[PDB]
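Beneath this line is the structure, given in structure tokens, with notes to follow.
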Amino acid sequence: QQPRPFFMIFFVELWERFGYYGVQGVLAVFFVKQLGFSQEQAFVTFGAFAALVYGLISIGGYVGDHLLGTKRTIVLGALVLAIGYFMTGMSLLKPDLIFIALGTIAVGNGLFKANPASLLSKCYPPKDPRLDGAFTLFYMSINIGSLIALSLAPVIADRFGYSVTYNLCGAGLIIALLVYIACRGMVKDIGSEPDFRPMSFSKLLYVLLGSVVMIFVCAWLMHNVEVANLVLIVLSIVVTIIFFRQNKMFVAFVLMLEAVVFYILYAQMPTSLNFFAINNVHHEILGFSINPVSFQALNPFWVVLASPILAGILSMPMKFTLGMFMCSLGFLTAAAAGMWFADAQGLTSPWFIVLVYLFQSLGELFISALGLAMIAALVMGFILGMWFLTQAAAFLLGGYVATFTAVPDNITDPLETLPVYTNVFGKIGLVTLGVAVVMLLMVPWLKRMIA
Amino acid sequence: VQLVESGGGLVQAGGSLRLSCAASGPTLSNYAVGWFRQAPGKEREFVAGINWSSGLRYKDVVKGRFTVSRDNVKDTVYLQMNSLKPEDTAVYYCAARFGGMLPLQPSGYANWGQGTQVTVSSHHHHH
Ligand SMILES: CCCCCCCCCCCCO[C@@H]1O[C@H](CO)[C@@H](O[C@H]2O[C@H](CO)[C@@H](O)[C@H](O)[C@H]2O)[C@H](O)[C@H]1O
Ligand SMILES: CCCCCCCCCCCC
Ligand SMILES: CCCCCCCCCC
Ligand SMILES: CCCCCCCC
Ligand SMILES: CCCCCC
């Protein structure tokens, strides 16, 4: 149905995302159990890690476009990523390595993330009808890898330990690289312009030096999340001032702020919603016991089922508004489940969490899947950078928000933890409802500006 | 996923016994381990437990007599039962739930040992 290079990009993306989500699904638990962080520390540290992973994406796009070439930057990113995963596995021998290893994952993603999608864009002549389907399938590839990793990585870490889990993340990256190398010939006429000139070693060294520096800067910021907050606040004011100086930008700015709220809520799945599942949900569904950390796999699960369907079925501000209403309902459902539908021992049916994750995933499909693609319609590289920066700020804020659900390690009674989760989730859902209403009220004006 | 209990037996009032729980596959370190007991003609009831981060929970009627503790090297959990009384007589089970919570009812736990009989006799030496 699709050009041959589509299938290579599909499976490279799948395996890279498998590696990443293998880490994300277990990271907060790893912080608490293996490193002895409190739940607050683990949550803010995860926020900083995720912020760095997403905030640097603009650099790897620049490197792929103008310095080394898309295909070269896929290879370099994949190698740095595999090194990071193996460094994380080694961090169990040498714990002092952990932050450096995570910085290496962050920088790796920053080099890698933009480039397979960029490559995929080039596999179709520019007005090929198959493009839309190709990107829906690309997103499904991302979410199949995420589904497998979030299902299995907690089981693997429980049964064999974290070093094996992280080494398997690295192996997933290695097999992404092997699939690329084996299929290299399929993309021989595909790439950005530097891909087809001989590689500039001057530029290659500038990229390796900048990467190493960035690895150390990321490790430092994740260890010191207070200065990370400071840095991002300063960066945001500066970028907003530059943006305002340079009426479709006003619409791009407002849609970006709404996306910020969405990413704050997305950041709860690996942190507060994960520990909500651990502490206050039954670990049995359809008669099968499961690792409660695996409940995170409900996000890609619902995306995989809903993206074809939802591809089959207003315009921008209203789609964004709908997504915000879905997210509101996800957190109100979590709160309601805890307030009214819990056991006398304090436990809720896991079907409430299946529904929470459905709501959250529909929100994802409406906001972030369909976001900077159509922020690019109001504007270009600068706004791309701003989107990633604001999403990094959102993950830092999300980690901070998650700390309101942190439970001390000596609490053992689910009836003590249930009211904390319900209070926080109910207030998140109400604030998000308010945001959705203000979005709705602005839809006519916003939609006017696009005219 | 499968827990083996050991260490039950017969003891006179005021004596002591130690139960131990070990898991074949999953590292027990990630699990809250609760000890339940079922006396003749009653339901399983929570006795005592330790979560994955050394938090402890106890039934009122066993505080000051039972201690739950954990050897994370041997991947083992212990219930030390001192000052035993006839009414501590029961089948004892360890049960394991992932995480930090020790819920009170058997349905909060997915993994269960097979059970060990503990009997406490009113026997005392003749005066
Ligand atoms: C909602 C998302 C569901 C995720 C799907 C899980 C993938 C299947 C797991 C691999 C094959 C099953 O292997 C195993 O099966 C038993 C019962 O089925 C499950 O359960 C057992 O292991 C896990 C973790 O190791 C424990 O938290 C659990 O309480 C224990 O009873 C686990 O899920 C899985 O360790
Ligand atoms: C495709 C040619 C491979 C080029 C690899 C060169 C790596 C240089 C090492 C520089 C050390 C800082
Ligand atoms: C004393 C612990 C120091 C750990 C440093 C780990 C560095 C490994 C480099 C690959
Ligand atoms: C196609 C080969 C890319 C080379 C990049 C490796 C730099 C360490
Ligand atoms: C951008 C909003 C920040 C709020 C921090 C308390």
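Here, A, B, ... name the chains of the structure tokens in the order displayed, residue numbers run from 1 inside each chain, and ligands are numbered from 1 in the same displayed order.
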Inset, instruction - Find the residues near residue B:50: any atom within 7 Å, counting only C-alpha atoms, skip ones fewer than 2 places away on the same chain, and give them as number ranges by chain. - result: B: 32-34, 52, 54-57, 68-69
Would you save the residues of that selection, restricted to N, CA, C and O atoms, as an mmCIF file, in the first residue's frame?
```cif
data_model
loop_
_atom_site.group_PDB
_atom_site.id
_atom_site.type_symbol
_atom_site.label_atom_id
_atom_site.label_comp_id
_atom_site.auth_asym_id
_atom_site.auth_seq_id
_atom_site.Cartn_x
_atom_site.Cartn_y
_atom_site.Cartn_z
ATOM 1 N N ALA B 32 4.508 -5.848 49.076
ATOM 2 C CA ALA B 32 3.951 -5.960 50.411
ATOM 3 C C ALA B 32 3.558 -7.413 50.667
ATOM 4 O O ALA B 32 2.874 -8.037 49.846
ATOM 5 N N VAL B 33 4.027 -7.967 51.778
ATOM 6 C CA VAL B 33 3.663 -9.318 52.198
ATOM 7 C C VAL B 33 2.825 -9.207 53.465
ATOM 8 O O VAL B 33 3.290 -8.686 54.493
ATOM 9 N N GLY B 34 1.582 -9.668 53.372
ATOM 10 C CA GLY B 34 0.664 -9.729 54.502
ATOM 11 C C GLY B 34 0.541 -11.175 54.949
ATOM 12 O O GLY B 34 0.608 -12.101 54.133
ATOM 13 N N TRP B 52 6.671 -2.831 50.644
ATOM 14 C CA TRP B 52 7.924 -2.929 49.906
ATOM 15 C C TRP B 52 8.979 -1.941 50.403
ATOM 16 O O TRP B 52 10.106 -1.972 49.908
ATOM 17 N N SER B 54 9.443 -1.123 53.939
ATOM 18 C CA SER B 54 9.617 -1.300 55.373
ATOM 19 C C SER B 54 8.500 -0.701 56.224
ATOM 20 O O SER B 54 8.662 -0.626 57.440
ATOM 21 N N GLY B 55 7.412 -0.204 55.629
ATOM 22 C CA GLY B 55 6.230 0.140 56.418
ATOM 23 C C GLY B 55 5.536 -1.108 56.942
ATOM 24 O O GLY B 55 5.539 -2.163 56.296
ATOM 25 N N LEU B 56 4.972 -1.003 58.158
ATOM 26 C CA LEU B 56 4.397 -2.135 58.892
ATOM 27 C C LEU B 56 2.934 -1.900 59.239
ATOM 28 O O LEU B 56 2.541 -0.787 59.587
ATOM 29 N N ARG B 57 2.150 -2.980 59.251
ATOM 30 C CA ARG B 57 0.756 -2.924 59.694
ATOM 31 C C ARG B 57 0.426 -4.140 60.574
ATOM 32 O O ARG B 57 0.924 -5.240 60.322
ATOM 33 N N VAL B 68 6.827 -8.475 62.038
ATOM 34 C CA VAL B 68 7.096 -8.812 60.651
ATOM 35 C C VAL B 68 8.398 -8.139 60.311
ATOM 36 O O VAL B 68 8.645 -7.008 60.728
ATOM 37 N N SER B 69 9.238 -8.827 59.564
ATOM 38 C CA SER B 69 10.516 -8.239 59.209
ATOM 39 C C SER B 69 10.930 -8.851 57.886
ATOM 40 O O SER B 69 10.357 -9.846 57.422
#
```
Inset, instruction - Would you please extract all alpha helix (DSSP H) residues from stretch 19-88 of chain A, as assigned by DSSP on the backbone, and give them as a PyMOL selection string? - result: chain A and resi 19-29+39-55+57-62+70-88
Legend entry - DSSP-assigned strand (DSSP E or B) among stretch 126-314 of chain A, expressed as number ranges by chain: A: 281, 284-285, 288-289
All residues having an atom within 9 Å of ligand 2 (only C-alpha atoms and all ligand atoms) as a compact mmCIF listing (two decimals) with N, CA and C atoms, in the first residue's frame:
```
# COMPACT_ATOMS: atom_id res chain seq x y z
N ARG A 72 22.04 10.23 8.49
CA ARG A 72 23.18 10.20 9.40
C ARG A 72 22.75 10.49 10.84
N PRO A 198 29.44 14.49 1.00
CA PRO A 198 30.27 13.78 1.98
C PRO A 198 30.17 14.47 3.34
N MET A 199 30.30 13.67 4.41
CA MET A 199 30.09 14.19 5.75
C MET A 199 31.19 15.18 6.14
N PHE A 201 33.42 16.53 8.78
CA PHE A 201 33.94 16.13 10.07
C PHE A 201 34.02 17.31 11.01
N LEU A 204 30.56 17.27 12.28
CA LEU A 204 30.40 16.09 13.13
C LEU A 204 31.04 16.32 14.50
N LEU A 205 32.26 16.89 14.56
CA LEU A 205 32.84 17.18 15.89
C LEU A 205 32.07 18.24 16.65
N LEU A 208 29.26 16.22 18.19
CA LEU A 208 29.66 15.34 19.29
C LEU A 208 30.06 16.13 20.55
N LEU A 209 30.83 17.22 20.38
CA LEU A 209 31.16 18.08 21.51
C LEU A 209 29.92 18.65 22.17
```
Inset, instruction - Kindly provide, as a list in words, the residues of chain B having any atom no farther than 9 Å from an atom of chain A, counting only C-alpha atoms. - result: residues 25, 26, 27, 28, 29, 30, 32, 50, 51, 52, 53, 54, 55, 56, 57, 97, 98, 99, 100, 101, 102, 103, 104, 105, 107, 108, 109, 110 and 111 of chain B
Residues from the last selection, N, CA, C and O atoms, saved as an mmCIF file, in the first residue's frame:
```
data_model
loop_
_atom_site.group_PDB
_atom_site.id
_atom_site.type_symbol
_atom_site.label_atom_id
_atom_site.label_comp_id
_atom_site.auth_asym_id
_atom_site.auth_seq_id
_atom_site.Cartn_x
_atom_site.Cartn_y
_atom_site.Cartn_z
ATOM 1 N N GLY B 25 9.850 -16.993 41.908
ATOM 2 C CA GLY B 25 10.266 -16.235 40.745
ATOM 3 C C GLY B 25 10.458 -14.743 40.967
ATOM 4 O O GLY B 25 11.587 -14.245 41.049
ATOM 5 N N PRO B 26 9.360 -13.996 41.006
ATOM 6 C CA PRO B 26 9.426 -12.558 41.279
ATOM 7 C C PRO B 26 10.232 -12.226 42.524
ATOM 8 O O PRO B 26 10.115 -12.890 43.562
ATOM 9 N N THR B 27 11.110 -11.230 42.402
ATOM 10 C CA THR B 27 11.755 -10.767 43.617
ATOM 11 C C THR B 27 10.684 -10.220 44.551
ATOM 12 O O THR B 27 9.992 -9.248 44.208
ATOM 13 N N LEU B 28 10.595 -10.823 45.744
ATOM 14 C CA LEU B 28 9.683 -10.404 46.806
ATOM 15 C C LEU B 28 9.892 -8.958 47.245
ATOM 16 O O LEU B 28 9.023 -8.398 47.925
ATOM 17 N N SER B 29 11.017 -8.348 46.875
ATOM 18 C CA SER B 29 11.360 -6.999 47.322
ATOM 19 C C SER B 29 10.334 -5.960 46.878
ATOM 20 O O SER B 29 10.155 -4.935 47.540
ATOM 21 N N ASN B 30 9.680 -6.192 45.752
ATOM 22 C CA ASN B 30 8.701 -5.258 45.232
ATOM 23 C C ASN B 30 7.328 -5.420 45.871
ATOM 24 O O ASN B 30 6.421 -4.649 45.545
ATOM 25 N N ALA B 32 4.508 -5.848 49.076
ATOM 26 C CA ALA B 32 3.951 -5.960 50.411
ATOM 27 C C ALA B 32 3.558 -7.413 50.667
ATOM 28 O O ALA B 32 2.874 -8.037 49.846
ATOM 29 N N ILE B 50 4.328 -6.310 56.060
ATOM 30 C CA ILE B 50 5.350 -5.314 55.744
ATOM 31 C C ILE B 50 5.260 -4.960 54.259
ATOM 32 O O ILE B 50 5.108 -5.851 53.413
ATOM 33 N N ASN B 51 5.301 -3.660 53.937
ATOM 34 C CA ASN B 51 5.207 -3.267 52.534
ATOM 35 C C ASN B 51 6.596 -3.272 51.898
ATOM 36 O O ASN B 51 7.589 -3.702 52.499
ATOM 37 N N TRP B 52 6.671 -2.831 50.644
ATOM 38 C CA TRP B 52 7.924 -2.929 49.906
ATOM 39 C C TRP B 52 8.979 -1.941 50.403
ATOM 40 O O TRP B 52 10.106 -1.972 49.908
ATOM 41 N N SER B 53 8.636 -1.034 51.309
ATOM 42 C CA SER B 53 9.579 -0.027 51.785
ATOM 43 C C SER B 53 9.527 0.048 53.300
ATOM 44 O O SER B 53 9.461 1.135 53.894
ATOM 45 N N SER B 54 9.443 -1.123 53.939
ATOM 46 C CA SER B 54 9.617 -1.300 55.373
ATOM 47 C C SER B 54 8.500 -0.701 56.224
ATOM 48 O O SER B 54 8.662 -0.626 57.440
ATOM 49 N N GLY B 55 7.412 -0.204 55.629
ATOM 50 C CA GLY B 55 6.230 0.140 56.418
ATOM 51 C C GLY B 55 5.536 -1.108 56.942
ATOM 52 O O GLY B 55 5.539 -2.163 56.296
ATOM 53 N N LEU B 56 4.972 -1.003 58.158
ATOM 54 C CA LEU B 56 4.397 -2.135 58.892
ATOM 55 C C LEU B 56 2.934 -1.900 59.239
ATOM 56 O O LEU B 56 2.541 -0.787 59.587
ATOM 57 N N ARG B 57 2.150 -2.980 59.251
ATOM 58 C CA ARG B 57 0.756 -2.924 59.694
ATOM 59 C C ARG B 57 0.426 -4.140 60.574
ATOM 60 O O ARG B 57 0.924 -5.240 60.322
ATOM 61 N N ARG B 97 1.215 -8.511 47.551
ATOM 62 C CA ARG B 97 0.651 -7.519 46.647
ATOM 63 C C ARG B 97 1.741 -6.535 46.260
ATOM 64 O O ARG B 97 2.424 -5.993 47.132
ATOM 65 N N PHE B 98 1.846 -6.241 44.967
ATOM 66 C CA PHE B 98 2.877 -5.316 44.503
ATOM 67 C C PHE B 98 2.689 -3.940 45.135
ATOM 68 O O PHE B 98 1.592 -3.381 45.105
ATOM 69 N N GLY B 99 3.759 -3.381 45.688
ATOM 70 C CA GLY B 99 3.732 -2.000 46.120
ATOM 71 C C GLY B 99 3.742 -1.807 47.619
ATOM 72 O O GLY B 99 4.194 -2.658 48.390
ATOM 73 N N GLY B 100 3.255 -0.639 48.031
ATOM 74 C CA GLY B 100 3.340 -0.159 49.391
ATOM 75 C C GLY B 100 2.128 -0.324 50.278
ATOM 76 O O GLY B 100 2.159 0.127 51.422
ATOM 77 N N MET B 101 1.035 -0.869 49.777
ATOM 78 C CA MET B 101 -0.214 -0.931 50.521
ATOM 79 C C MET B 101 -0.361 -2.329 51.108
ATOM 80 O O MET B 101 0.052 -3.316 50.487
ATOM 81 N N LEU B 102 -0.925 -2.411 52.317
ATOM 82 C CA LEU B 102 -1.330 -3.679 52.929
ATOM 83 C C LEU B 102 -2.825 -3.638 53.175
ATOM 84 O O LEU B 102 -3.273 -3.331 54.287
ATOM 85 N N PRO B 103 -3.629 -3.946 52.164
ATOM 86 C CA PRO B 103 -5.082 -3.999 52.367
ATOM 87 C C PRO B 103 -5.455 -5.151 53.305
ATOM 88 O O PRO B 103 -4.737 -6.158 53.405
ATOM 89 N N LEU B 104 -6.607 -4.988 53.993
ATOM 90 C CA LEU B 104 -7.052 -5.888 55.060
ATOM 91 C C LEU B 104 -7.718 -7.176 54.575
ATOM 92 O O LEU B 104 -7.811 -8.127 55.356
ATOM 93 N N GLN B 105 -8.196 -7.230 53.326
ATOM 94 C CA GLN B 105 -8.996 -8.374 52.917
ATOM 95 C C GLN B 105 -8.219 -9.258 51.949
ATOM 96 O O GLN B 105 -7.342 -8.779 51.226
ATOM 97 N N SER B 107 -8.853 -10.312 49.115
ATOM 98 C CA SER B 107 -8.961 -9.903 47.716
ATOM 99 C C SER B 107 -7.961 -8.818 47.326
ATOM 100 O O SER B 107 -7.832 -8.537 46.134
ATOM 101 N N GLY B 108 -7.272 -8.184 48.281
ATOM 102 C CA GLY B 108 -6.259 -7.228 47.885
ATOM 103 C C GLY B 108 -4.950 -7.836 47.426
ATOM 104 O O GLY B 108 -4.013 -7.102 47.081
ATOM 105 N N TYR B 109 -4.841 -9.162 47.437
ATOM 106 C CA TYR B 109 -3.577 -9.836 47.201
ATOM 107 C C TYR B 109 -3.749 -10.897 46.134
ATOM 108 O O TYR B 109 -4.682 -11.702 46.209
ATOM 109 N N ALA B 110 -2.838 -10.927 45.168
ATOM 110 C CA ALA B 110 -2.985 -11.863 44.064
ATOM 111 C C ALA B 110 -2.246 -13.169 44.306
ATOM 112 O O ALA B 110 -2.684 -14.227 43.837
ATOM 113 N N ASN B 111 -1.148 -13.129 45.043
ATOM 114 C CA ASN B 111 -0.291 -14.287 45.194
ATOM 115 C C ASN B 111 -0.375 -14.775 46.632
ATOM 116 O O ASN B 111 -0.237 -13.986 47.577
#
```
Legend entry - Selection as a list in words: residues within 9 Å of ligand 4 by only C-alpha atoms and all ligand atoms: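 So, counting only C-alpha atoms and all ligand atoms, the residues near ligand 4 are residues 68, 69, 71, 72, 73, 74, 75, 76, 77, 79, 80, 181, 184, 195, 199, 204 and 208 of chain A.
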Legend entry - Residues near stretch 48-55 of chain A, cut-off 6 Å, only C-alpha atoms, skip fewer than 2 positions along chain, as a VMD selection string: chain A and resid 45 to 46 57 106 109 222 388 to 389 392 395 to 396
Which residues of chain A have any atom within 10 Å of an atom in ligand 5 when counting only C-alpha atoms and all ligand atoms, and what is the closest pair of atoms for each, with the distance in Å to one decimal? Order the rows by chain and rising number and write it as CSV.
```
residue,atom,partner,partner_atom_place_in_ligand_line,distance
A:229,CA,ligand 5,5 (C),9.1
A:232,CA,ligand 5,1 (C),9.9
A:233,CA,ligand 5,1 (C),7.8
A:236,CA,ligand 5,1 (C),8.8
A:237,CA,ligand 5,1 (C),9.8
A:257,CA,ligand 5,1 (C),8.9
A:260,CA,ligand 5,1 (C),8.7
A:261,CA,ligand 5,1 (C),9.6
A:390,CA,ligand 5,1 (C),9.1
A:393,CA,ligand 5,1 (C),7.8
A:394,CA,ligand 5,1 (C),8.1
A:396,CA,ligand 5,5 (C),9.7
A:397,CA,ligand 5,5 (C),6.9
A:400,CA,ligand 5,6 (C),8.8
A:401,CA,ligand 5,6 (C),9.3
```
Produce a table with one row for each residue of chain A that has an atom at most 10 Å from any atom of ligand 3, each row naming the nearest atom pair and its distance in Å at one decimal; use only C-alpha atoms and all ligand atoms; arrange rows by chain and rising residue number; format as CSV.
```
residue,atom,partner,partner_atom_place_in_ligand_line,distance
A:83,CA,ligand 3,10 (C),9.6
A:84,CA,ligand 3,10 (C),10.0
A:86,CA,ligand 3,10 (C),9.4
A:87,CA,ligand 3,10 (C),6.6
A:88,CA,ligand 3,10 (C),9.8
A:90,CA,ligand 3,8 (C),7.8
A:91,CA,ligand 3,6 (C),7.3
A:92,CA,ligand 3,4 (C),9.9
A:93,CA,ligand 3,4 (C),8.2
A:94,CA,ligand 3,4 (C),4.5
A:95,CA,ligand 3,4 (C),6.2
A:96,CA,ligand 3,4 (C),4.4
A:97,CA,ligand 3,6 (C),4.5
A:98,CA,ligand 3,6 (C),8.3
A:100,CA,ligand 3,7 (C),8.5
A:101,CA,ligand 3,10 (C),8.6
```
Inset, instruction - Kindly indicate which residue among B:49, B:106, B:113, B:86 lies nearest to residue B:63, using only C-alpha atoms for the distances. - result: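 For residue B:63, the nearest of the given residues is B:49.
Counting only C-alpha atoms, the residue from A:182, A:304, A:449, A:355 that sits nearest to residue A:140 is A:304.
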